[PDB]
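Q: Supplied in structure tokens, the structure appears directly below.
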Amino acid sequence: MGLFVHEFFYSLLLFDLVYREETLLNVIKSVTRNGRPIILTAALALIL
Amino acid sequence: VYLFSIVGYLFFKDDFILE
């Protein structure tokens, strides 16, 4: 998506390079592991 | 946040005149 392909994206590559950073990955984790059925605890309020 | 600027901005130009 910049070979000859349109604008943007470049942004996407930046996002994943920073993801490849771990420590931020550790803090990122501070939101998925006990989160995989806790996206379901969102709809609690969305129903409440 | 920085991407979802664009994700809006592509399908929706800001369409802003006054606050």
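For the structure tokens, the naming scheme is as follows: chains receive sequential letters (A, B, ...) according to their order of presentation, residues are indexed from 1 within each chain, and ligands are indexed from 1 in presentation order.
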Excluding residue 4 in chain B and any residue of its chain fewer than 4 positions from it, enumerate the residues within 12 Å of it, using only C-alpha atoms, and give them as a PDB file with C-alpha atoms, in the first residue's frame.
A:
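Contents of selection13.pdb, freshly written:
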```pdb
ATOM      1  CA  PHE A   9      -1.499   2.846   5.366  1.00  0.00           C
ATOM      2  CA  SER A  11       0.073   4.418   9.154  1.00  0.00           C
ATOM      3  CA  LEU A  12      -0.808   0.717   9.470  1.00  0.00           C
TER       4      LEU A  12
ATOM      5  CA  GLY B   8     -13.899   8.781   9.434  1.00  0.00           C
ATOM      6  CA  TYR B   9     -12.179  11.231   7.126  1.00  0.00           C
ATOM      7  CA  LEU B  10     -12.377   9.069   4.032  1.00  0.00           C
ATOM      8  CA  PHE B  11     -16.073   8.239   4.077  1.00  0.00           C
ATOM      9  CA  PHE B  12     -16.853  11.520   5.816  1.00  0.00           C
TER      10      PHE B  12
END
```
Q: Select from chain B every residue with an atom at most 10 Å from any atom of chain A, then for each give the shortest pair of atoms and their distance in Å to one decimal, using only C-alpha atoms, rows by chain and rising number, as CSV.
A:
```
residue,atom,partner,partner_atom,distance
B:2,CA,A:11,CA,8.4
B:3,CA,A:11,CA,7.1
B:6,CA,A:8,CA,8.7
```
Q: Would you put the residues from that selection into a file with N, CA and C atoms, as a PDB file, in the first residue's frame?
A:
```
ATOM      1  N   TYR B   2      -5.168   7.686  15.949  1.00  0.00           N
ATOM      2  CA  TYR B   2      -4.694   8.444  14.804  1.00  0.00           C
ATOM      3  C   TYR B   2      -5.238   7.879  13.515  1.00  0.00           C
ATOM      4  N   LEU B   3      -5.519   6.585  13.507  1.00  0.00           N
ATOM      5  CA  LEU B   3      -6.074   5.973  12.314  1.00  0.00           C
ATOM      6  C   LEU B   3      -7.531   6.354  12.140  1.00  0.00           C
ATOM      7  N   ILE B   6      -8.750   8.905   9.938  1.00  0.00           N
ATOM      8  CA  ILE B   6      -8.852   8.664   8.503  1.00  0.00           C
ATOM      9  C   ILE B   6     -10.091   7.860   8.199  1.00  0.00           C
TER      10      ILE B   6
END
```
Q: Which of chain A end up as alpha helix (DSSP H) when DSSP is run on this backbone - answer as a ChimeraX atom specification?
A: /A:10-19,22-29,40-47
Q: So that I have them on file, write out the residues from the current selection with N, CA and C atoms, as a tab-separated table (two decimals), in the first residue's frame.
A:
```tsv
chain	number	residue	atom	x	y	z
A	10	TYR	N	0.82	3.33	5.20
A	10	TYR	CA	2.00	3.76	5.99
A	10	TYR	C	1.64	3.81	7.47
A	11	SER	N	0.48	4.36	7.77
A	11	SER	CA	0.07	4.42	9.15
A	11	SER	C	-0.07	3.02	9.77
A	12	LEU	N	-0.61	2.08	9.01
A	12	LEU	CA	-0.81	0.72	9.47
A	12	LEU	C	0.51	0.09	9.83
A	13	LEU	N	1.50	0.30	8.97
A	13	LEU	CA	2.82	-0.27	9.24
A	13	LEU	C	3.34	0.33	10.56
A	14	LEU	N	3.18	1.64	10.76
A	14	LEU	CA	3.65	2.24	12.02
A	14	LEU	C	2.99	1.61	13.24
A	15	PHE	N	1.69	1.38	13.14
A	15	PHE	CA	0.98	0.79	14.25
A	15	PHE	C	1.53	-0.58	14.60
A	16	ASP	N	1.73	-1.43	13.60
A	16	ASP	CA	2.30	-2.71	13.99
A	16	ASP	C	3.75	-2.73	14.48
A	17	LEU	N	4.58	-1.80	14.00
A	17	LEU	CA	5.97	-1.74	14.50
A	17	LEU	C	5.95	-1.40	15.98
A	18	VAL	N	5.09	-0.45	16.33
A	18	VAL	CA	5.03	-0.16	17.74
A	18	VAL	C	4.43	-1.32	18.54
A	19	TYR	N	3.51	-2.09	17.94
A	19	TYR	CA	2.98	-3.32	18.55
A	19	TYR	C	4.13	-4.31	18.83
A	22	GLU	N	7.05	-4.96	22.89
A	22	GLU	CA	6.64	-5.81	23.98
A	22	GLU	C	6.07	-5.30	25.27
A	23	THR	N	6.82	-4.37	25.79
A	23	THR	CA	6.57	-3.76	27.06
A	23	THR	C	5.25	-3.10	26.93
A	24	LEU	N	5.08	-2.40	25.81
A	24	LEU	CA	3.78	-1.84	25.47
A	24	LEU	C	2.91	-3.02	25.18
A	25	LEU	N	3.43	-4.09	24.58
A	25	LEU	CA	2.70	-5.29	24.48
A	25	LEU	C	2.32	-5.75	25.89
A	26	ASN	N	3.15	-5.68	26.93
A	26	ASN	CA	2.66	-6.11	28.24
A	26	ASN	C	1.48	-5.27	28.71
A	27	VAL	N	1.55	-3.98	28.50
A	27	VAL	CA	0.42	-3.17	28.89
A	27	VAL	C	-0.78	-3.38	28.03
A	28	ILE	N	-0.58	-3.74	26.77
A	28	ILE	CA	-1.63	-4.08	25.83
A	28	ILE	C	-2.30	-5.28	26.38
A	29	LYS	N	-1.54	-6.25	26.91
A	29	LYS	CA	-2.10	-7.42	27.52
A	29	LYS	C	-2.96	-7.00	28.64
A	40	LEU	N	-17.68	-9.56	26.42
A	40	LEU	CA	-19.05	-9.83	26.78
A	40	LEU	C	-19.48	-9.04	28.02
A	41	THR	N	-18.54	-8.58	28.85
A	41	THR	CA	-19.10	-7.81	29.95
A	41	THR	C	-19.41	-6.38	29.55
A	42	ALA	N	-19.09	-6.00	28.33
A	42	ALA	CA	-19.56	-4.71	27.84
A	42	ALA	C	-21.06	-4.69	27.69
A	43	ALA	N	-21.62	-5.77	27.17
A	43	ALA	CA	-23.01	-5.71	26.74
A	43	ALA	C	-23.94	-5.75	27.93
A	44	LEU	N	-23.40	-6.15	29.09
A	44	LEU	CA	-24.03	-5.96	30.39
A	44	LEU	C	-24.64	-4.60	30.53
A	45	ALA	N	-23.84	-3.57	30.36
A	45	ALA	CA	-24.38	-2.24	30.49
A	45	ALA	C	-25.22	-1.91	29.29
A	46	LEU	N	-24.79	-2.37	28.10
A	46	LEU	CA	-25.51	-2.13	26.87
A	46	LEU	C	-26.89	-2.74	26.90
A	47	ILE	N	-27.08	-3.74	27.74
A	47	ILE	CA	-28.41	-4.18	28.08
A	47	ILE	C	-28.91	-3.51	29.34
```
Q: Please, what distance in Å, to one decimal, runs between CA of residue 5 in chain B and CA of residue 36 in chain A?
A: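 A separation of 26.7 Å between them.
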Q: Record the distance separating CA of residue 14 in chain B and CA of residue 4 in chain A, expressed in Å with one decimal.
A: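 Value for the CA of residue 14 in chain B-CA of residue 4 in chain A distance: 27.2 Å.
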